[PDB]
Every structure is written in C-alpha cells, then in structure tokens.
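J.: If you read the sequence shown in the working numbering, its first letter stands for residue 125, the second for the next number, and so on. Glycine included, each C-beta is placed from N, C-alpha and C at the ideal position.
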Amino acid sequence: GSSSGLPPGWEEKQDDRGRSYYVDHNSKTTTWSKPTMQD
C-alpha cells in the first residue's frame, strides 16, 4: 500500500536543534542514512 508515513522500516526524528536523523527499523540504528526506498 501507498502508506502516509516514513518509508518501510524507517522513521524520522529531529534533534533539539532541528536536524532530522533517521531511526532505522531495518537494522535498528539511529543514524543518518537514506531510506531503503529512495524517493
């Protein structure tokens, strides 16, 4: 399904300043990576 959130296995959270890092459910890690589905 199309979905209305972050890419499958990914979720985006910003820091206290305002820069958004990604928490990857795929490998389970909070880091700066581009989604599995890069779009």
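1. For the beta strand (DSSP E) holding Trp156, just list the boundary residues, first then last.
2. Does DSSP put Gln162 in a helix, a strand or coil?
3. Taking just the CA atoms, how far does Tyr146 sit from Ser127?
T.: Taking the structure as given:
1. Along the sequence shown, one-based indexing puts residue 156 at 32. Element bounds for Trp156: n/a, residue is neither H nor E.
2. The residue you call residue 162 lines up with position 38 of the sequence shown. DSSP places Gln162 in coil when its eight states are reduced to three.
3. Here residue 127 refers to the residue found at position 3 when the sequence shown is read from its first residue. Here residue 146 refers to the residue found at position 22 when the sequence shown is read from its first residue. Straight-line Cα distance between these residues: approximately 18 Å.
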